[PDB]
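Reckoned from all heavy atoms, side chains included, excluding hydrogens, waters and symmetry mates. Order of the sequence lines fixes the chain letters, A, B, ..., with proteins taken first and strands second; residue numbering starts at 1 for each chain. We count ligands from 1, going down the list as the structure has it; atoms in each ligand are counted the same way.
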Protein chains: 2
Amino acid sequence: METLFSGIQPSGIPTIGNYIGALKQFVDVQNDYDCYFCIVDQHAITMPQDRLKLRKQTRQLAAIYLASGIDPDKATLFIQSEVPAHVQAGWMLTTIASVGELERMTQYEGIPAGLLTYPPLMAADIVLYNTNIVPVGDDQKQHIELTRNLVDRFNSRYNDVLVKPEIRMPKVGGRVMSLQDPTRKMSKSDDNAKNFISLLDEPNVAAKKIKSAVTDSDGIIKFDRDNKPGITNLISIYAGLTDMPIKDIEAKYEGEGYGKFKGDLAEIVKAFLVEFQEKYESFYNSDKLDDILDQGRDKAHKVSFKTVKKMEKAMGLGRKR
Amino acid sequence: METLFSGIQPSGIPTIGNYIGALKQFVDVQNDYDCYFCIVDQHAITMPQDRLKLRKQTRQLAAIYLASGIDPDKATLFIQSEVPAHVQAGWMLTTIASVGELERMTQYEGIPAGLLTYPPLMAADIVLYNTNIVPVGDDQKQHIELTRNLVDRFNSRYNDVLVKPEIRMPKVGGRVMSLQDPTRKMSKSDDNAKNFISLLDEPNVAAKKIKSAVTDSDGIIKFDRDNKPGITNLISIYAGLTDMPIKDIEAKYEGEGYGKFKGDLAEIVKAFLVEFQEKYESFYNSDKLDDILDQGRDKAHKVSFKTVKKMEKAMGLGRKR
Ligand SMILES: C[C@H]1c2c[nH]c3cccc(c23)S[C@H]1C(=O)O
Ligand SMILES: C[C@H]1c2c[nH]c3cccc(c23)S[C@H]1C(=O)O
């Protein structure tokens, strides 16, 4: 069984685009892959953070992953800073990186040193669990290249302990676009809040965002990205939240106009968020949330500890006991 | 009671200069100060190392400190990599350092990133124990300036948890010079091995190095650094290993020439090393050595854990449990 590792930034609420594109897919793929979901709070502080904003966002993310169906027994959901092997292995990989290498990553009061030195910590986050696949996008290519190059450098200079990972998302979800700019991907941090639908938006606000999404005044419910990216995007969201095949959507709405379809979809979005947010409140406001995160941390520590120990033996850190 | 922290590089055997200058003094000052002696193996790998050479040197250093009289109950002798708070607090301080700052430290395959990014780890090594004093020399000034500046930056941006340290050696020992270059300090890494006397030199080899030390052919046993740095240096070693006051040395050897004095001193050096190396073998070849280092690690972990936790709460890492 292949091991998957996904880093999660506690820096914002995922949108419904992120749910359809990734989270919903993770809820399936956790049965067929050994999955790690790591809330990378030590990466979040490479940037300036309010300390209450950061600690709250970390709980929020954990509650959202659990609300989506990420299962603490099937997968390992934990907080990066609670597992010390991450900064231990990150320091070891830092000593074999080069300054030139780290600088080129930054390209693809002063400048915080975290922004230069975080890539080896990302490498560590991955290889500590013998990861085979990382579900990232084009923007993370140079990071994985550095990771694989460091695994090569380590195994070559000391001895084979580390595994090279690949970029692979096992079941890619649909691509969800901004509601009022259908050529751009939906983003949690848009200045036009009508562009996205946050997982924590009020369900009635989200229904309004479906109605205000930029489309023709009317048309047929047909999937055509090149010529009608607006309605096509909406059909993608419909498909994403109901699992109805797209061709099966077209047939349900044959002879229907936009008003009927946007009305049904806004209701579908509202219904989804009401069910999602009840689960989310229930995890977020519960004592069991700390129990779950405790157990996740213990799972990850058991695996990552063995790896750190092999690494320390390979470089000659510590003692032979 | 003031807390003292001394980093120890596992990169070479201390010389008798290092014993007279520092180690012997630490054996006294550990009664009057809360002392931490930390074998910084995570700093040693910033440079290229053979992994067996490094792990052996680490045991050797611990055995030498114990052989000198460093007392595992009075002081805390441990190995840096066995206490995870060091790289945890080092990462936190890294995120508030600036690249410019770290670069200027480097001034005062490529260039290993460890050589750029180690100073915040040094800062962490110190402040984790609420250190008041660090017994370092001129070459470490910019490192302590960075440390104090990071303590200021941390306490100012989040809230007061960290203590500013000072450079202070509570009882400075004598200065011991190279035996065949009396104007340079004695160094463990000289290309002229007659220049130093290693604590692990064969006692008969060391006696020969006393005889081969570069002096006038004869003279009076008088302390005069400007005009007779050779014999004066030797008198310093004599004073350092026997605790005889220097004026009291001059009076013992009034009416004596160099041959008598160098003969007595070579015997004194031989006698000291025989007693030292028996203790050293006895710790180095013992199962109790791992027990001692275990207990040291547990002592340091208890203090440094509380500090790391205050730091994580201050930046908003982790969870409030
Ligand atoms: C969250 C970040 C991160 C830190 N460690 C990891 C490990 C795997 C994937 C990612 C990460 S994804 C990456 C990003 O920049 O999105
Ligand atoms: C061993 C080095 C080191 C790492 N952490 C610390 C903490 C205090 C003093 C020192 C150190 S002394 C320094 C040196 O360069 O000698």
Do me a favour and list the nearest non-hydrogen protein atom to [atom] with residue, atom name and distance?
atom	value
atom 6 (C) of ligand 1	A:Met122 CG, 3.6 Å
atom 7 (C) of ligand 1	A:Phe5 CE2, 3.5 Å
atom 11 (C) of ligand 1	A:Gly7 CA, 3.7 Å
atom 12 (S) of ligand 1	A:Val136 CG1, 3.8 Å

With heavy-atom distances below 4.5 Å as the criterion, would you say the side chains of A:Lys185 and A:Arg175 are in contact?
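Side-chain contact under 4.5 Å: no.
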Could you tell me whether atom 4 (C) of ligand 2 has at least one protein heavy atom nearer than 4.0 Å?
yes
With a 4.0 Å cut-off on N to O distance, would you call A:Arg153 and A:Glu101 a salt bridge?
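Counted as a salt bridge, because a side-chain N and a carboxylate O are separated by less than 4.0 Å.
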Salt bridge or not for B:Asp28 and B:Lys171, using N-O below 4.0 Å?
no
Is there a nitrogen or oxygen of A:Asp125 sitting under 3.5 Å from a nitrogen or oxygen of ligand 1?
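Looking only at distances, the answer is yes, because the N/O contact criterion of under 3.5 Å is met.
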With side chain to side chain donor-acceptor pair (under 3.5 Å) as the criterion, how do A:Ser81 and A:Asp41 come out once you've worked through the C-alpha distance, each side chain's angles and the decisive distance to 0.1 Å?
CA-CA 6 Å; A:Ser81 75; A:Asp41 60 340; 2.8 Å; yes
Going by the closest heavy atom to atom 16 (O) of ligand 1, which one wins out of A:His43, A:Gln140, A:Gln9?
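Result: the heavy atom closest to atom 16 (O) of ligand 1 is in A:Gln140.
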Determine whether a donor-acceptor pair (N or O, by modelled atom type, separation under 3.5 Å) exists between the side chain of B:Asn155 and the backbone of B:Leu162.
yes
Which is it for B:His143 and ligand 2 at heavy atoms under 4.0 Å: side chain, backbone, both or neither?
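Neither; nothing of B:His143 gets under 4.0 Å from ligand 2.
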Are more than 12 heavy atoms from other residues, nucleotides or ligands located less than 6.0 Å from atom NZ of A:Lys299?
yes
